[PDB]
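Remarks on the structure that follows.
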Amino acid sequence: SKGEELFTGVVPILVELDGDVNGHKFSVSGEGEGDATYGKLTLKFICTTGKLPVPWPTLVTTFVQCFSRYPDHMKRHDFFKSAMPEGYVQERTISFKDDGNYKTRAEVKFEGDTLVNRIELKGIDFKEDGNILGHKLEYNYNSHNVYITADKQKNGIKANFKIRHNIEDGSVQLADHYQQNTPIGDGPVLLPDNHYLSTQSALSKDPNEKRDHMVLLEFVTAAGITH
């Protein structure tokens with residue numbers, strides 16, 4: 001795609017989120033850069049409203065799959081880059097097993113040469129002292145498969161996957177994800193064959209940062225198609 005060519009080098013990224021989870025209103029700003037050649041993301045996020053009222057890991061999937069590494073032979077399946085620069089809408093329902101849900105609506109597009117992800121997040125029916133509002137999740141992140149399918153009537157894609165958040169007692173908090181993406185612009189976009197994105201993420205802290213924050217290093221490769 002034409003859009004593919006926008007990602008051959010390192011691209012600056014901005015993430016802005018406004019959230020309301022059980023009436024706790026918050027905002028997050030993130031900065032960093034992506035190198036889709038290597039499937040690579042590096043960002044730092046700051047909660048600009050004070051303390052983040054949910055655990056940082058729960059927001060990772062919400063906080064730019066255009067930076068996934070599509071192998072050359074899978075170029076024709078890369079919806080995400082094909083929608084650029086005009087971008088795509090990304091909507092999800094994230095269901096935390098036996099707890100509440102997030103519903104997110106985001107727009108991912110270029111502002112100049114910077115790739116931007118603007119998100120509105122709404123969370124409801126969380127348990128006051130469950131794993132989310134009670135901050136019982138470990139500060140770490142597992143490796144997942146994101147299963148993608150074409151959504152032809154929307155000129156886009158769907159994704160369905162399970163995220164596992166480790167709980168501090170050694171257990172796991174499942175977060176079922178259902179996702180739909182829709183292009184914004186009028187250029188042709190790629191409608192993929194079934195495939196998945198294999199993810200890995202490492203969370204850290206900046207030792208000199210006293211605001212509530214998250215440093216994220218993530219690698220994602222598309223897979224599941226041989227030719």
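Along the sequence shown, residues are numbered consecutively beginning with 1.
A salt bridge is absent between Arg105 and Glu120; no separation between the charged side-chain nitrogens and carboxylate oxygens falls under 4.0 Å. With respect to the salt-bridge test (charged N to carboxylate O, under 4.0 angstrom), the residues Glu107 and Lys109 do not qualify. Salt bridge annotation for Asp20-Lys25: present, with a cationic side-chain nitrogen under 4.0 angstrom from a carboxylate oxygen. With respect to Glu111 and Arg118, a salt bridge is recorded, a charged nitrogen being found less than 4.0 Å from a carboxylate O. Salt bridge status for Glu33 with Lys40: absent, with no side-chain N to carboxylate O gap under 4.0 Å. The pair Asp169-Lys136 fails the salt-bridge criterion, with no side-chain N (NZ, NE, NH1 or NH2) lying under 4.0 Å from an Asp/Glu carboxylate O. Between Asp78 and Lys75, none of the side-chain N atoms (NZ, or NE/NH1/NH2) sits under 4.0 Å from a carboxylate O, so this pair counts as no salt bridge.
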query: Checking salt bridge (charged side-chain N to carboxylate O under 4.0 Å, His left out) for the pair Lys127/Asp99: CA distance, chi angles, key distance, verdict?
result: CA-CA 6 Å; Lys127 289 179 148 119; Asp99 209 334; 5.9 Å; no
task: Kindly indicate, with the supporting measurements, whether the criterion side chain to side chain contact (heavy atoms under 4.5 Å, CB included) is fulfilled by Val215 and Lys205.
output: CA-CA 6 Å; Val215 179; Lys205 297 297 187 183; 6.0 Å; no
field: Criterion side chain to side chain donor-acceptor pair (under 3.5 Å) on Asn101 and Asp125, from CA distance to verdict
entry: CA-CA 7 Å; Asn101 59 89; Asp125 281 334; 4.6 Å; no
message: I'd like to know whether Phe45 forms a side chain to side chain contact (heavy atoms under 4.5 Å, CB included) with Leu17, so could you lay out the CA-CA distance, the side-chain angles of the two residues, the decisive distance to 0.1 Å, and finally the verdict.
response: CA-CA 10 Å; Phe45 301 92; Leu17 176 145; over 6 Å; no
message: Run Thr221 and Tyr38 through side chain to side chain contact (heavy atoms under 4.5 Å, CB included) and show every step you take.
response: CA-CA 8 Å; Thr221 302; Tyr38 309 103; over 6 Å; no
- request: Run the numbers on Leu59 and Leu121 for side chain to side chain contact (heavy atoms under 4.5 Å, CB included), then give the verdict.
  value: CA-CA 9 Å; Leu59 299 182; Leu121 177 152; 3.6 Å; yes
task: Begin with the C-alpha distance, continue with both residues' side-chain angles, and end with the deciding distance and a verdict on salt bridge (charged side-chain N to carboxylate O under 4.0 Å, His left out) for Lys44 and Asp206.
output: CA-CA 9 Å; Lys44 176 176 171 190; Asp206 171 353; 3.0 Å; yes
query: Under the side chain to side chain donor-acceptor pair (under 3.5 Å) criterion, do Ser27 and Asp18 qualify, and how do the steps go?
result: CA-CA 4 Å; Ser27 303; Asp18 290 317; 2.6 Å; yes
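A donor-acceptor distance shorter than 3.5 angstrom exists from the side chain of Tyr139 to the backbone of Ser204, with no hydrogens or angles considered. Counting only distance, with no hydrogens or angles, the side chain of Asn131 and the backbone of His165 share no donor-acceptor pair below 3.5 Å. No donor-acceptor pair closer than 3.5 Å links the side chain of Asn117 to the backbone N or O of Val15. Listed for the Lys81 side chain is a donor-acceptor partner under 3.5 Å among the backbone atoms of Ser68. A donor-acceptor pair is defined here as one N or O able to donate and one able to accept, closer than 3.5 Å; no such pair exists between the side chain of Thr182 and the backbone of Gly156. Side-chain atoms of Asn22 come within 3.5 Å of backbone N or O of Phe126 as a donor-acceptor pair. For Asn181 (side chain) and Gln90 (main-chain N/O), no donor-acceptor pair under 3.5 Å exists by modelled atom type. A side-chain donor-acceptor contact under 3.5 Å links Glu209 to the backbone of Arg211. Side-chain N or O atoms of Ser82 include one that pairs as donor or acceptor with a backbone N or O of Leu190 at under 3.5 Å. Distance alone, capped at 3.5 Å, places no donor-acceptor pair between the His24 side chain and the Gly19 backbone.
Ring to ring, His177 and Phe161 are close: their centroids are under 6.0 angstrom apart. Here the two rings, on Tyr70 and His195, have centers that are under 6.0 Å apart. Taking the six-membered ring where the residue is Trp, the centroids of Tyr196 and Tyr147 are separated by under 6.0 Å. Between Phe7 and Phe67, a ring centre-to-centre spacing shorter than 6.0 Å is recorded.
At a threshold of 4.5 Å between non-hydrogen side-chain atoms, the residues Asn140 and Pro57 do not count as touching. Annotation: side chain of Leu203 is in contact with side chain of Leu216 (closest heavy-atom distance under 4.5 Å). Residues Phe80 and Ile157 meet the side-chain proximity criterion, which asks for heavy atoms closer than 4.5 Å. For the pair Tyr141 and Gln200, the minimum side-chain heavy-atom distance is 4.5 Å or more. Residues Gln65 and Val220 have side chains not in contact (no heavy-atom distance under 4.5 Å, counting atoms from C-beta outward). The side-chain heavy atoms of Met84 and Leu115, taken from C-beta on, include a pair separated by under 4.5 Å. With a 4.5 Å cut-off on side-chain heavy atoms, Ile94 and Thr62 count as touching. Residues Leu41 and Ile13 meet the side-chain proximity criterion, which asks for heavy atoms closer than 4.5 Å.
Here the CZ atom belonging to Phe219 is positioned 10.0 Å from the OG atom belonging to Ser201, to the nearest 0.5 angstrom. The CZ atom of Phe79 sits 11.0 Å away from the OG atom of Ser1 when rounded to the nearest 0.5 Å. Distance check: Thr93 OG1 to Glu91 CD gives 8.5 Å after rounding to the nearest 0.5 Å. Atom-to-atom distance recorded for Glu218:CD and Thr61:OG1 is 9.5 Å, nearest 0.5 angstrom. For the atom pair CD of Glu31 and CD of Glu16, the computed distance is 8.0 Å after rounding to the nearest 0.5 Å. We find the CZ-OG1 distance between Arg92 and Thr104 to be 6.0 Å, quoted to the nearest 0.5 Å.
In this structure, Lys162 and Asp176 approach most closely via the heavy-atom pair NZ-OD1, 2.7 Å. Here the shortest heavy-atom pairing between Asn155 and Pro183 reads O-CD, 2.9 Å.
Cluster membership check: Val60 does not share its hydrophobic cluster with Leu137, using side-chain heavy-atom separations under 4.5 Å among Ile, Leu, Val, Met, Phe, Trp and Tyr. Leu217 and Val146 are members of different hydrophobic clusters when ILVMFWY side chains are connected at heavy-atom separations under 4.5 Å.
Between the side chains of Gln173 and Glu138, no donor N or O sits under 3.5 Å from an acceptor N or O. Residues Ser198 and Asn145 bring a donor and an acceptor atom of their side chains to less than 3.5 Å of each other. Side-chain atoms of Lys158 and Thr149 form no donor-acceptor pair, as typed in the model, at a separation below 3.5 Å. In this model, a donor atom of one side chain and an acceptor atom of the other lie less than 3.5 Å apart for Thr58 and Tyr102.
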